[PDB]
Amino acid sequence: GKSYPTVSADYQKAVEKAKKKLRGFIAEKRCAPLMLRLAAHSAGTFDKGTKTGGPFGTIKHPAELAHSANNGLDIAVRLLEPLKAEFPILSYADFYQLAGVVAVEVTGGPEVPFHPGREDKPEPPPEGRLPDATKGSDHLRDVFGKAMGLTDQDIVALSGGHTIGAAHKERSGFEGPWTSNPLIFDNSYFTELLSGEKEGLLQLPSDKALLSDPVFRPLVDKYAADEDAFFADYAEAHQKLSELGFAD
């Protein structure tokens, strides 16, 4: 369903240069997980029925950063400003999605296809559209399915983005990494979910919801058994998420 816009050769050149600069920066700063949260959590404000929100750079706005769900994303935005200034031609919308793609790549994940041309939109979406970590499978379908327009497969694969990073008690209130290797992108999120609650590792209620749902559980089993299958489905879902409301 996608018809990507034309961008100039100069725009394309800047995308390529920014991609490389983002690799070095994100690797050095150890901030891949925060950058993936910035890209992916921000994309998840899309509502398909109204064609509002989505990955259009509004998360830059202090007003959107101030939403309690976005606690800590101001750090991500601040970290990227100096680099972004080296690429004035790029939209913030494209820049943040590129950062998310690079975050997955530099931690060892799949190469998620990237298409430029997102425009920076003036008005943040209303607060309250983001997935709620305390809720379950019905809520996940409401947000990812009814609002975003993503599939059940996409939900489980994208939940695997928690294979990098950690929660912080001062941000969400939850605390700790999902895996023993929070800077490595692999299928351990699913392996850990299956094995039970190991000491020192985190499972949100929203992660646990995947285990008890008839459609989600087979996918969790698949990804725990087959990292290649996870990487394929993950790359597909991340691309879709990064493109919500964009190019159709």
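Numbering starts at 1 and follows the sequence shown.
Notebook entry, point to check: Do the C-alpha atoms of 217-225 or of 178-186 have the higher average B factor in the entry?
Noted result: Looking at the record's C-alpha B-factors, the answer is 217-225.
Next item on the list: Check the entry's C-alpha temperature factors for 189-197 and 42-50, then say which stretch has the higher mean.
Entry: The entry gives the higher C-alpha B-factor average to 189-197.
Next item on the list: Go through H115, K84, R129, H168 one by one and give the residue whose Cα B-factor in the PDB entry is largest.
Entry: Answer, based on the entry's C-alpha B-factors: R129.
Note to self: Just the C-alpha B-factor column, please: which of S91, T134, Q153, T163 has the biggest number?
What the structure shows: In this record, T134 carries the highest C-alpha B-factor of the candidates.
Check: What third of its chain, lowest, middle or highest, does the C-alpha temperature factor of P205 fall into?
Finding: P205: CA B-factor falls in the middle third of its chain.
Check: Is the Cα B-factor recorded for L241 in the lowest, middle or highest third of its chain?
Finding: Lowest third - that is where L241 ends up once the chain's C-alpha B-factors are sorted.
Margin query: For the chain shown, is the CA B-factor of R37 in the lowest, middle or highest third of its modelled residues?
Written below: Bottom third by C-alpha B-factor.
Checklist line | Cα B factor band for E119 (lowest, middle or highest third within the chain) | finding: According to the entry, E119 has a C-alpha B-factor in the chain's middle third.
Note to self: When the deposited Cα B-factors of this chain's modelled residues are ordered and cut into thirds, is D142 in the lowest, the middle or the highest one?
What the structure shows: As the PDB entry reports it, the C-alpha B-factor of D142 lands in the highest third of its chain.
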